[PDB]
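Next up: just one chain, as structure tokens, the form deposited in one PDB entry.
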């Protein structure tokens, strides 16, 4: 039986730009997660009505970008699902775990990339991004940006800016 429990119950979750992948050997399907879909804010499947569990944190307003065919900073530069995705996307609000007073800066997202990610590609590099015409030479300025940014989650944020834990099951 598939060890999905370890995936959902993990104490720590990755930043989306450094999204975590867990390979799960061929297993007896454990449907209890589906029957407990009420535990989650969203539970959607694609290509269903080789198992990977990918997981990470994003903000509430980005949950809709975790789906095939989406656009935006997350789908384009952080975590991209293919058009022929077969699997499920599950997410829940984690404000209780992942915000802190004065801001939790540990979760990051990539702002900029010279081209979009391919589906299931990851990029964790931190080269200073050249937004204008002069080379950056590793130095920040108004044309030269560190390519990641912190969410800064605070418990008092509105729900669209609260942290969400996401699990993507590909099978």
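Note that the rigid core is defined as the largest set of C-alphas that superpose within 1.5 Å between two forms. Positions refer to the first chain, counted from 1.
In what follows, reference is made to the form deposited in another entry, a form of this protein that is not presented.
A.B. asks: Quick one: with the rigid core lined up, which of 108, 33, 128, 63 moves its CA 2 Å or more between this form and the one not shown?
C.D. replies: So the only displaced C-alpha belongs to 33.
A.B. asks: If the CA atoms of residue 33 and residue 67 move by 3 Å or more in the other form, do they move toward each other or away, so closer or farther than here?
C.D. replies: Result: farther.
A.B. asks: Have a look at residue 35 and residue 59: in the other form, are their Cα atoms closer together or farther apart than in this form, given the change is 3 Å or more?
C.D. replies: It is closer: in the other form, the C-alpha atoms of residue 35 and residue 59 lie at least 3 Å nearer than they do here.
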